[PDB]
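Peer 1: Sequence, then structure. It's an experimental one.
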Amino acid sequence: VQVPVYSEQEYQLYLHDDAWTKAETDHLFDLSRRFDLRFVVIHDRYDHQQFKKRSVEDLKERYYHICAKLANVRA
Ligand SMILES: [Ca+2]
């Protein structure tokens, strides 16, 4: 499986979360592409200058909830 790519419109309409910025979400997806979805590595390399402490499970939940939402809105 590949990392999904969402458009700006898809993010605005369907992917916002009160506790996540689009910048952080884009960072998570960029690291997921660069580090082959190895969440221990993504977690270790996360930008903690800009973004708060997230657990590995928090990163996975964000990534996988976006995957499920995109699957539904693209159907
Ligand atoms: Ca990759």
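Peer 2: That came through, no problem. Numbering: from 1, shown residues only.

Peer 1: how near is the residue nearest to residue 13 when sequence neighbours are not counted to the ion?
Peer 2: Nearest in space to residue 13, with sequence neighbours left out and distances taken as C-beta to C-beta, 6 or more residues apart in numbering, is residue 73 at 7.7 Å. Using the backbone N, CA and C atoms, a C-beta is placed for each residue, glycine as well. As judged by C-beta to the ion, to the nearest Å, residue 73 and the ion stand 23 Å apart.

Peer 1: Residue 51 too?
Peer 2: 21 Å.

Peer 1: Just to check, the residue nearest to residue 13 is in contact with residue 9?
Peer 2: No - contact criterion C-beta atoms under 8 Å: residue 73 and residue 9 do not qualify, at 10.2 Å.

Peer 1: more neighbours, those two?
Peer 2: Under the criterion of other C-beta atoms under 10 Å, the comparison of residue 73 against residue 9 puts residue 73 first, with 12 against 8.

Peer 1: How about residues contacting stretch 35-55?
Peer 2: 3, 21, 23, 24, 27, 28, 31, 32, 56, 59, 60, 62 (C-beta atoms under 8 Å, 6 or more residues apart in numbering).

Peer 1: check contacts around residue 30.
Peer 2: With C-beta under 8 Å, 6+ apart as the criterion, no residue contacts residue 30.

Peer 1: my read is it is in a helix, agree?
Peer 2: Yes - judged by DSSP: H, G, I helix; E, B strand; the rest coil, residue 30 forms part of a helix.

Peer 1: And it, how far from residue 47?
Peer 2: 10 Å (C-beta to C-beta, to the nearest Å).

Peer 1: Longest helix in the chain, please.
Peer 2: In the chain, with assignment by DSSP state H, the single longest helix is helix 56-73.

Peer 1: same for that helix, what does it pack against?
Peer 2: When contacts are defined as 3 or more C-beta pairs under 8 Å, 6 or more residues apart in numbering; DSSP states H and E, helix 56-73 packs onto helix 22-34, helix 39-45.

Peer 1: swap the cut-off to 10 Å and go again
Peer 2: Contacting helix 56-73 under the criterion 3 or more C-beta pairs under 10 Å, 6 or more residues apart in numbering; DSSP states H and E are the following elements: helix 8-10, helix 22-34, helix 39-45.
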